[PDB]
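Novice: Let me give you the structure first, and then I'll get to my questions.
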Amino acid sequence: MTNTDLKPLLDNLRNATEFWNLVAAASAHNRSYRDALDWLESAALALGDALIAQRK
Amino acid sequence: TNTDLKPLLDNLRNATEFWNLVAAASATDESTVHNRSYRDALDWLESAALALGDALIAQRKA
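So the protein lines, in turn, are chains G and S.
Read left to right, the first sequence gives residues 1 to 28, 35 to 62 (the UniProt record's numbering).
Quick note, the UniProt record's numbering runs 1 ahead of the 1-based positions in the second sequence.
Next up, the structure:
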């Protein structure tokens, strides 16, 4: 869609990815693991649903 | 950078449309069918989310 629409949704997904990656790098479950998984799923779905909605 | 992002966004959009389909189907799917589809929809959501997220992390590094 739009650069300004994306930005906050991309930011949330990047933070969720960076968190998930760090939770993964430390075990190589936790309340942090579950919050990271939930935040990753929630940011993925929010950006996916936003991409769906903007393509009419 | 929309050319770098477009294949990652398309992949995430499609995984979400599939996930939304698995959700609509769970109202009538047998529970064995649902667990399999949901696991598959979750794994595609995750790998699509992470592939775009890793690319945003790598591009923020500039």
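All residues carry an ideal CB built from backbone N, CA and C; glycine is no exception.
7 Å is my cut-off, CB to CB: does residue 28 (chain G) come that close to chain S?
Specialist: Not closer than 7 Å to any Cβ of chain S, the Cβ of residue 28 (chain G) fails to qualify, so no.
Novice: Taking 7 Å as the CB-CB cut-off, is residue 9 (chain S) touching chain G?
Specialist: No - not a single Cβ of chain G is within 7 Å of the one on residue 9 (chain S).
Novice: State the Cα-Cα distance for the pair residue 15 (chain S) and residue 45 (chain S), rounded to the nearest angstrom.
Specialist: Taking the straight line from one Cα to the other gives about 9 Å.
Novice: Tell me, please, whether the stretch 44-63 of chain S touches the stretch 6-13 of chain G by the rule of three or more beta-carbon pairs shorter than 8 Å.
Specialist: With the cut-off at 8 Å, the stretch 44-63 of chain S and the stretch 6-13 of chain G touch.
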